[PDB]
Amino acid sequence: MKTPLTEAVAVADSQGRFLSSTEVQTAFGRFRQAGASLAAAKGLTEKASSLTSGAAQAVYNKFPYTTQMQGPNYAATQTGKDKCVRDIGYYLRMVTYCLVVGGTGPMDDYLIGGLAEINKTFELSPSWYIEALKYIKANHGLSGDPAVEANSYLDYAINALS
């Protein structure tokens, strides 16, 4: 699971090396950023219901057919709507995890690995999730370094879908 600290260890272990000054600087940067990251994860968590339901609503607004069209892949049913918001929650939960982590690792391991198969196989449009991530980006109301890092992971998820 990729964080700054695990990446430093992995690579030195590749070379059979003890950690040197190089890697201790990596730890220094992790600690520098960690306040911002942990603040952002807490901000997102405490406003999770609004963002998630807001982002789901934003997808339905942008793609109206997703609430009308026939199919277990659409939000045309009570249950289908439930699934959708759930995926959007998973996304947001992952963004928080990356923030706690200081890296994309949680998202890579838990969400991004095999996503394309899931979306192909269940006929889910990447463009739906892209919109929601864009909505969350617009609406979290974070500022400073927290917003920048949070947006790095939201944007990382859009690159992953694009």
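One rule holds for the numbers: they count along the sequence shown, beginning at 1.
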Inset, instruction - Compare the mean C-alpha B-factor of 81 to 89 with that of 68 to 76 as given in the PDB entry, and name the stretch with the higher value. - result: 68 to 76
Legend entry - Between 102 to 110 and 116 to 124 (mean CA B-factor, as deposited), the higher: 116 to 124
Legend entry - Identity of residue with top Cα B-factor, from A39, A132, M94, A27: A39
Inset, instruction - Select lowest, middle or highest to describe the third in which the CA B-factor of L154 falls within its chain in this entry. - result: lowest
Legend entry - Modelled-residue ranking by C-alpha temperature factor, third containing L19: lowest
